[PDB]
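Participant: okay, here's the opening piece of the assembly, coordinates as they are in the complex:
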Amino acid sequence: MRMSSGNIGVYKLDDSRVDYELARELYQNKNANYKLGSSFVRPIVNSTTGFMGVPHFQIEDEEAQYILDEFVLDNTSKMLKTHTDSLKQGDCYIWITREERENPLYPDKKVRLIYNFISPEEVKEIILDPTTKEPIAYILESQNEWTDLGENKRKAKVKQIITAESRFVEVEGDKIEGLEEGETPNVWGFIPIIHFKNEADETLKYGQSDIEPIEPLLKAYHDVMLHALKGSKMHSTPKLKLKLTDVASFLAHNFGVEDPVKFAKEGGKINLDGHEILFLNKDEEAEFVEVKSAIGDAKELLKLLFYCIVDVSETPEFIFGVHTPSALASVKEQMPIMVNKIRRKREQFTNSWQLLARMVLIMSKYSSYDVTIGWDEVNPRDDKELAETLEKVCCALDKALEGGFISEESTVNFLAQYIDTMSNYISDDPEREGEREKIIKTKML
Amino acid sequence: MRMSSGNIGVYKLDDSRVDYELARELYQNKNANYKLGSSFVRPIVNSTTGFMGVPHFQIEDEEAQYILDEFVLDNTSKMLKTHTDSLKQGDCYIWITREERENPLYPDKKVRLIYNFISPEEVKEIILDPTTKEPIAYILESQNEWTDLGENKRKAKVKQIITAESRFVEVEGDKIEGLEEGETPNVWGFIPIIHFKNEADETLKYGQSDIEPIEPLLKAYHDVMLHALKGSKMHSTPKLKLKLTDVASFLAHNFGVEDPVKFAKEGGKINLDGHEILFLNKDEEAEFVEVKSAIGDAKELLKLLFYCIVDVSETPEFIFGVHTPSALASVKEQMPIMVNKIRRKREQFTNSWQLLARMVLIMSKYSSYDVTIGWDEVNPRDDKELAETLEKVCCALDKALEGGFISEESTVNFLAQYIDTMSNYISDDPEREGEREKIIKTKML
């Protein structure tokens, strides 16, 4: 809508959070007020997070790339889980810690970068630089209830403030050996936490869940379905009427209900085999009192709300093909819609992944610290087509030799693209196979 | 309609703003009066912004191209977010700032060009040169509420006037460490803010959201859906009538409702398991009071309004294919319509992107400062077809040699086009992969 320019309030950065426990309940169909409605939450988030792969960290520096692919081999599953958490809760917080602890289970890995999650409820607040809006400190708070290695219970409410300069930790309860109370210095002058903000907005401090736009539609869908189910249970099965001359005599003779008022008050239930025959007097009657449709129109409302839901999430329509079996004829035809949605969604997190790559590189000199990110194929390109392009270009090359020597550069670039597209396996997340094949080839030589 | 030439008012540049809070509410389905109606807001904006990629800044100067692609690698996500904000709110303001601050997180990147957004509510007014209508100053006003690195709450209503000559900032509230009050000179004699005007018009000072044309249709759709839902809830389930001879005695015997009037006042509710059998006297009757259709005709109205909505947005119809599953047969057949829409939409912002490219080049000698903009493929070209064209031209060339040596120039031009279309990855936004491949090839040499 339009309005006069001089009748607008002052900007303020909203800090309202997503109801994280409610979001996890809806993702698990646990909330009592969305049990029927929240069915659609799982397929939307799962399809969106599964189609978008994990970042393929690329950098020209050899050692930086080796560190990056080691880290990817360590934490690809956790990166995918980070995508899923950002999609579901709207904001997932990631913390990297350097561990020098020596245990027998890792004889060779003396130094390990632990990819640690932080639940969004743990972070009570984040302190931002007002001019840059960069987070300068994190307010973490958690009640660690745990049992001693014997049979003794331990409760410990730990709060800790992490800053770029130092980390401050205190505990209110039973002692925990792992945590050393008070300030401890930060080995680097940056905060080791990375904020993954889903659907980030310049007017919102935090992210926001993909369940939020669909949530009222889920509520309406749940209400319609529950009312429909109650109406069906009440009235779907037909109700037999008998216009008996004397109800009490009939009840006493047939069903042995000597005292019908007590039978009703007690809640007694007549038993019938189903095979019945009615011998009635001239005046009595027997009919079925039944409904054309107990539901009425609720299926049409549910279809409308389903269309609204799949529109709101802009989920491509083969995901919900049970409602519309026509969509199953060609998923490949609808693949561009998925590709578009994944294009839009990946850019939200690619900056955070760049920051994480830069941080892990810093925490382990290098000529560069800016990491470009590749991605998995949403709909794969045929290797046969790529090889056809390669052969066709190469045969096109070696003719009209006045072009220059850049033909070799372009050819090796296309060869690198082909090798990258062939090494990575499409139905396996990430590019663990590329690094593994490279390492095995290096060993065999 | 027609009108006589002498009965027209005088032109006045309208300055009404888009109701930005309402726009963000509709895009998130939050407004109470558009909950059901605003389901279509997300798919329209999301599809439109996703299909249109990010500008591909091209320029003949080597250093300018390097600076441009470095900045693209930095802020491609923010460029796409700028597109989304312009489509949603109708106007998103972009501010570039040069940060010399040294921090450990950027050891090699000492100097940074921060791509800072400004919420459209923050800019209270823009001062325009009346003869050129070029913005000569921005009136920025923002309430920055924040908390101390300890516990203290902080509130600060900072407003600042940015001009080509200098920047002025003053704060009414708690001190903010990053901001120096008073005038500060502008290192360059132009305003570092860029205005992205969605659907710009000669008679409008600001842009206008794509939600504005559809908004009344959203209101009508919401009203129809809500009234339909209420009618269904009231009357979809059938109502059982019992024409009893004595209602009070029946209630007392069956449901134990001694005082039925008080049972009505209290809101009591009879319980039925669903399996009921009716024993009635000769005179009494039982029937179901049922509706042919509680909705009536509202689905037809919803279809008409949906057609109006998709027509107004000129959205290609595979986006809303759940309503029309036949559209899913061939998205490729409808792709020219998306190509048309994106062709129309990109030109709105391409001049602003040219200005931004010029500005970032100026803020970091070059032989040229006019940057041309490429774009992502709306529907990609098949690389096999491009290779076929290349080989076919090459074999066509080297014969009938009277043409001249310009064949070599055309051949290298076609080779450059092929390298550009092959290096760029279709389902990854922007051209980060092209620059990354170029840099990796240069490093490998």
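Facilitator: On my side now, so go ahead. Numbering: from 1, shown residues only, chains lettered A, B, ... in the order given.
Participant: Please count neighbours and contacts with C-alpha atoms only from this point.
Facilitator: OK.
Participant: Can you tell me how far the residue nearest in space to the middle of chain A is from residue A:90?
Facilitator: A centroid search over chain A (CA atoms, centre = their mean) returns residue A:84, at 3.3 Å, as the residue closest to the centre. Going from residue A:84 to residue A:90 by CA to CA, to the nearest Å gives 9 Å.
Participant: Over to residue A:362?
Facilitator: Distance from residue A:362 to residue A:90, by CA to CA: 28 Å.
Participant: More neighbours: which of those two?
Facilitator: Higher neighbour count among residue A:362 and residue A:90: residue A:90, with 27 against 17, using other CA atoms under 10 Å in any protein chain shown.
Participant: and the more buried one, what is it in contact with?
Facilitator: Residue A:90 is in contact with A:18, A:197, A:198, A:199, A:207, A:208, A:209, A:210, counting by CA atoms under 8 Å, 6 or more residues apart in numbering or on different chains.
Participant: just the residues you listed that are near chain B?
Facilitator: Among the contacts of residue A:90, not one lies near chain B by CA under 8 Å from any CA of the partner chain.
Participant: Going through those, which ones are buried?
Facilitator: A:18, A:197, A:198, A:199, A:207, A:208, A:209, A:210 (16 or more other CA atoms under 10 Å in any protein chain shown).
Participant: Just want the phi and psi numbers for the fourth one.
Facilitator: In terms of degrees, to the nearest 10, the main-chain angles of residue A:199 are phi 50, psi 50.
Participant: ditto for residue A:117
Facilitator: The phi/psi pair for residue A:117 (degrees, to the nearest 10) reads phi -80, psi 150.
Participant: tally of neighbours for it?
Facilitator: Residue A:117: 16 neighbours (other CA under 10 Å).
Participant: quick one: contacts for it?
Facilitator: Contacts of residue A:117 (CA under 8 Å, 6+ apart): A:92, A:93, A:94, A:95.
Participant: nearest to residue A:101, of these?
Facilitator: Proximity of the contacts of residue A:117 to residue A:101 (CA to CA) peaks at residue A:95, which lies at 17.7 Å.
Participant: Three-state assignment for that closest one, please.
Facilitator: strand (DSSP: H, G, I helix; E, B strand; the rest coil).
Participant: how near is it to residue B:228?
Facilitator: 49 Å.
Participant: related to what we said a few turns ago, using JSON lines, lay out the buried ones among the contacts of residue A:90 together with distance to residue B:299.
Facilitator: Shown next, in JSON lines, are the buried ones among the contacts of residue A:90 (distance: CA to CA, whole Å):
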{"residue": "A:18", "distance to residue B:299": "34"}
{"residue": "A:197", "distance to residue B:299": "39"}
{"residue": "A:198", "distance to residue B:299": "35"}
{"residue": "A:199", "distance to residue B:299": "33"}
{"residue": "A:207", "distance to residue B:299": "36"}
{"residue": "A:208", "distance to residue B:299": "32"}
{"residue": "A:209", "distance to residue B:299": "31"}
{"residue": "A:210", "distance to residue B:299": "28"}
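Participant: Here is chain C, add it in:
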Amino acid sequence: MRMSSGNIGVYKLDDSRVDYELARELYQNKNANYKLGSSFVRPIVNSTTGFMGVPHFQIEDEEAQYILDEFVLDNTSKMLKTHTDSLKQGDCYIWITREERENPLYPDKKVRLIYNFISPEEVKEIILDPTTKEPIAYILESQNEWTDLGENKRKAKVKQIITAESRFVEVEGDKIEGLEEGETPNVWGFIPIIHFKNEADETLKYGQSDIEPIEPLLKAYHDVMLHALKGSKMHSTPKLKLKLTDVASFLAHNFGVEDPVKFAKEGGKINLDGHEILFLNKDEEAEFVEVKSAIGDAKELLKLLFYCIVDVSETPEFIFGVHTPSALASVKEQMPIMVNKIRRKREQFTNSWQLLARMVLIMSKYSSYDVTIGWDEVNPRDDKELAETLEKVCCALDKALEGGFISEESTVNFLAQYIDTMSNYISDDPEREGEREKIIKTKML
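Facilitator: Adding chain C to the chains above:
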């Protein structure tokens, strides 16, 4: 939904377990309250676990690879069972033990690594290091009833505490010959148990079954189906009414029912052959009391709940194609959806499988201990296409020789990929055939 930042509770790691007995009951359709509803539990879990294969443990070291593939040959079935148990119960616990015991059944295999399952009910609790959340001890408790090699019955409630440094076991009941009570040292300083956490979450101590999101839908489906069946049995068959002038005389003449009241008390049942002819007086009437549809609308509700169930499980729709026979036209068209689901699901367990590979390597010097994991093809690649790509690359190579010698490295990489994809058999789980073929070739030489 939204909430203010200051009105959120404190994080607490929930420790609720999946009702494992109920989970196994639903998976076997045994629970009385889910008999009709739980029909969908088996196909979901079975399809999901069958499509995801078993990990293909890959590593550069020759000795490590030999140990890994020997163990795979030993326990591929148990690995698949681990996947199934994790999917069904939400958590299955795996314990590796080294058995030196000599028996005639294994003459050559003196040393064995027993892949021992632990039921999730046996582990009463797991002790976690609070700072790392790494499990530091397991509380195993199990009642072991057994009979003597003669006749005697033997009951024994054994519980045992496993830790990184040692194992403790005590038995309350009859002596078990195999178990030495008291502490026994741990040959390695890590806990030999591995936890497979299905659908792991940062806020949950344990995993969570795939039946949990669908379970209330199963309950509703069961209720609707059962009520429909009861209504049909009561009222599907028509009830013959006879408006006789004197019912008692009619019964006495026709059916010889002298005392109809006692005939009602006794539960007697008239017998009719079906071929009847009615001779009635002028005033008497005979009709059938028949329902239009005893089910009413319950099929529509069942369709809606089935759509909700398959949506919640995100199961590709060919699995339930009896409900939607159109889906059977092209399973290959829907295969990308299965590929997506398996891509998402494999990453949940791949880190645990990496840990297991590392552990078995440690329990039997090696240059590396980080094992990368391949996987079975969800939809296989056509070997003809792979051979076409190989030949096309090879013919493309050996031309334009300025590229370098890296073409040979890429060629042998592609040859290794082809050998891997050809040696492995698609419809046989795992890669036993690859190792068997390698060993047979080595023997033949």
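Participant: Same as before for the neighbour count of residue A:117, with chain C this time.
Facilitator: Residue A:117 is flanked by 19 other residues according to other CA under 10 Å.
Participant: returning to that earlier point: now the host helix or strand of the residue nearest to the centre of chain A: buried residues?
Facilitator: Using DSSP states H and E, residue A:84 maps to helix A:62-89. For helix A:62-89, a neighbour-count test (16+ other CA under 10 Å) marks A:64-65, A:68-69, A:71-89 as buried.
Participant: Isn't residue A:178 up against residue C:133?
Facilitator: No. Using CA atoms under 8 Å, residue A:178 is not in contact with residue C:133; the gap is 10.5 Å.
Participant: What strand or helix carries the residue sitting furthest away from the middle of chain A?
Facilitator: Farthest-out residue of chain A from its mean C-alpha position, per CA atoms, centre = their mean: residue A:282, at 68.4 Å. Using DSSP H and E, no element contains residue A:282; it sits outside every helix and strand.
Participant: I'd like to know how far it sits from chain C.
Facilitator: With the distance defined as CA to the nearest CA, to the nearest Å, residue A:282 ends up 5 Å from chain C.
Participant: for that residue, what are its contacts?
Facilitator: Listed by CA under 8 Å, 6+ apart, the contact partners of residue A:282 are C:243, C:244, C:245, C:283, C:284, C:285.
Participant: which residue packs closest to it, ignoring adjacent ones?
Facilitator: Ranked by CA to CA, 6 or more residues apart in numbering or on different chains and with sequence neighbours excluded, the top spatial neighbour of residue A:282 is residue C:243, at 4.9 Å.
Participant: gap between that neighbour and residue C:287?
Facilitator: From residue C:243 over to residue C:287 (counting by CA to CA), the distance is 9 Å.
Participant: who has more neighbours, these two?
Facilitator: More crowded of residue C:243 and residue C:287, by other CA under 10 Å: residue C:243, with 21 against 13.
Participant: Touching, the more buried one and residue A:286? I think so.
Facilitator: No. Here residue C:243 lies out of contact with residue A:286, judged by CA under 8 Å, at a distance of 9.5 Å.
Participant: contacting residues for residue A:17?
Facilitator: Shown in contact with residue A:17 (CA under 8 Å, 6+ apart): A:206, A:207, A:208, C:2, C:3, C:4, C:5.
Participant: what's around the fourth one, how many residues?
Facilitator: Neighbour count of residue C:2, defined by other CA under 10 Å: 14.
Participant: helices or strands up against the strand ranked longest in chain A?
Facilitator: Ranked by number of residues, the top strand in chain A under DSSP state E is strand A:135-147. Contact partners of strand A:135-147 among helices and strands, from 3 or more CA pairs under 8 Å, 6 or more residues apart in numbering or on different chains; DSSP states H and E: strand A:123-128, strand A:153-163, strand C:123-128.
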